[PDB]
Amino acid sequence: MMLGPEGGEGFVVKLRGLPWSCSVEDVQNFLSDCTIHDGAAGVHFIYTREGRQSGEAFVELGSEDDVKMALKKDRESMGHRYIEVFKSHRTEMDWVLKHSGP
């Protein structure tokens with residue numbers, strides 16, 4: 001809560017493998033290396049589309065060198081659970097989130 005509402009131009013990273021109950025405080029802890037385009041006003045979680053979260057997410061980083069900092073970890077773990085990090089863009093992310101609804 002320093003920049004927003006959203007719009008990290010293209011520095012999205014997709015996040016896959018993650019715990020079924022995790023949140024941005026864990027994105028920011030897994031990437032204590034890293035900025036994000038605000039801190040939390042670039043993170044989103046994915047949702048099975050009807051009434052639950054999933055082990056998947058997407059995060060507008062605070063530069064593409066933040067994206068690269070997240071790629072350093074691209075098959076690590078945080079929890080008893082894996083954290084694959086794909087390099088993404090807002091143009092994909094706006095599709096993949098916005099399909100649990102209108």
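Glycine is no exception: its Cβ is also placed from the backbone N, Cα and C atoms.
Listed in Swiss-Prot:
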- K72: SUMO cross-link (CROSSLNK)
- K87: SUMO2 cross-link (CROSSLNK)
- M1: N-acetylmethionine (MOD_RES)
- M2: N-acetylmethionine (MOD_RES)
- 81-86: region 'Interaction with RNA' (REGION)
- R16: site 'Interaction with RNA' (SITE)
- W20: site 'Interaction with RNA' (SITE)
- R52: site 'Interaction with RNA' (SITE)
- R75: site 'Interaction with RNA' (SITE)
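What Swiss-Prot annotates, mapped onto the structure for a quick look.
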residue : record                      : Cβ contacts under 8 Å, 6 or more apart
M1      : N-acetylmethionine          : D38, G39, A40, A41
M2      : N-acetylmethionine          : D38, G39, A41
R16     : site 'Interaction with RNA' : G55, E56, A57, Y82, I83, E84, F86
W20     : site 'Interaction with RNA' : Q53, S54, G55
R52     : site 'Interaction with RNA' : none
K72     : SUMO cross-link             : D33
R75     : site 'Interaction with RNA' : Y82, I83, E84
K87     : SUMO2 cross-link            : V12, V13, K14, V67, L71
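According to its DSSP assignment, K87 (SUMO2 cross-link) is in a strand. A coil conformation is recorded for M1 (N-acetylmethionine) in the three-state DSSP classification, outside any helix or strand. In the three-state DSSP scheme, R75 (site 'Interaction with RNA') is classed as coil.
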